[PDB]
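First the structure, in the form of structure tokens, and then the observations on it.
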Amino acid sequence: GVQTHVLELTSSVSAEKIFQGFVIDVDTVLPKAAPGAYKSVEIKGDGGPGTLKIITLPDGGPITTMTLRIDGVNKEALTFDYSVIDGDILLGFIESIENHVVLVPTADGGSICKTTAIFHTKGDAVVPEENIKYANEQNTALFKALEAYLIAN
């Protein structure tokens, strides 16, 4: 089946500036801004659609591996699409995770980042509240960590 979850994040940073650090220069900003968030990266592809990012997570955690495909990048739209296609983040039950992120400017000079995740499970399988809640808890922490760095520099 198919299940949708949305997360919305407001920052005091411009959409241009976030989109930049989060999408375009992310392979450079991640490591500077939050070194312990991950462990290793191989990136096969130029950067645009089709590009694979094989990620490895810190030793003593639940999940160890996750692989990302970039589906689309629209610089003019501040839009970014990526899927999780592989790794043990999918547990047994999850075929893929289809994500869509949208930046929108606000009147105070900041931004809203709406990311929409769409879990493609097998059969009638449903993703528990606890697993989705762990990703929000975690994903937020990553956003706030980058954000911090973006403000400083």
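Order determines the names: the first chain of the structure tokens is A, the second B, and so forth; residues in each chain are numbered 1 upward, and ligands are numbered 1 upward as they are shown.
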
Per-residue nearest contacts range 59-127 of chain A to range 35-44 of chain A, cut-off 10 Å, using only C-alpha atoms, as a tab-separated table:
residue	atom	partner	partner_atom	distance
A:59	CA	A:39	CA	8.2
A:64	CA	A:39	CA	9.6
A:65	CA	A:40	CA	9.8
A:67	CA	A:42	CA	9.7
A:68	CA	A:43	CA	9.5
A:69	CA	A:44	CA	9.9

Within 12 Å of range 5-22 of chain A, which residues of range 34-143 of chain A come that close, and what is the closest atom pair and distance in Å for each? Count only C-alpha atoms and give it as a tab-separated table.
residue	atom	partner	partner_atom	distance
A:73	CA	A:19	CA	10.1
A:74	CA	A:19	CA	10.0
A:75	CA	A:19	CA	8.1
A:76	CA	A:16	CA	9.5
A:77	CA	A:19	CA	10.1
A:78	CA	A:19	CA	6.4
A:79	CA	A:19	CA	8.2
A:80	CA	A:19	CA	8.6
A:97	CA	A:5	CA	10.6
A:98	CA	A:5	CA	10.4
A:99	CA	A:6	CA	9.5
A:100	CA	A:6	CA	9.5
A:101	CA	A:7	CA	9.4
A:102	CA	A:19	CA	9.0
A:103	CA	A:15	CA	5.8
A:104	CA	A:15	CA	6.3
A:105	CA	A:15	CA	5.7
A:106	CA	A:14	CA	8.2
A:107	CA	A:14	CA	10.2
A:108	CA	A:12	CA	7.8
A:109	CA	A:14	CA	6.0
A:110	CA	A:12	CA	4.2
A:111	CA	A:15	CA	5.2
A:112	CA	A:10	CA	4.5
A:113	CA	A:9	CA	5.0
A:114	CA	A:8	CA	4.4
A:115	CA	A:7	CA	5.4
A:116	CA	A:6	CA	4.5
A:117	CA	A:5	CA	5.3
A:118	CA	A:5	CA	6.5
A:119	CA	A:5	CA	8.2
A:120	CA	A:5	CA	11.7
A:127	CA	A:5	CA	10.4
A:128	CA	A:5	CA	11.7
A:129	CA	A:5	CA	10.5
A:131	CA	A:5	CA	11.6
A:132	CA	A:5	CA	8.0
A:133	CA	A:5	CA	10.1
A:135	CA	A:7	CA	10.0
A:136	CA	A:7	CA	7.3
A:137	CA	A:7	CA	10.5
A:138	CA	A:7	CA	11.7
A:139	CA	A:7	CA	9.2
A:140	CA	A:9	CA	7.8
A:141	CA	A:9	CA	11.0
A:142	CA	A:22	CA	10.3
A:143	CA	A:9	CA	8.3

Task: DSSP-assigned strand (DSSP E or B) among range 43-111 of chain A, expressed as a ChimeraX atom specification - done: /A:43-44,52-56,65-74,79-86,94-105,111

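Counting only C-alpha atoms, the residue from A:29, A:84, A:52, A:90 that sits nearest to residue 122 in chain A is A:90.
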
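Relative to CA of residue 92 in chain A, CA of residue 53 in chain A is found at 20.7 Å.
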
| Contacts of residue 125 in chain A within 9 Å, only C-alpha atoms, excl. fewer than 2 positions in-chain, as a list in words | residues 1, 2, 93, 94, 121, 122, 123 and 127 of chain A

A straight line from CA of residue 124 in chain A to CA of residue 85 in chain A spans 19.5 Å

ask   = What are the DSSP alpha helix (DSSP H) residues of chain A, as a PyMOL selection string?
value = chain A and resi 15-19+26-33+129-152

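Computed from the coordinates, the CA of residue 70 in chain A to CA of residue 83 in chain A distance equals 6.6 Å.
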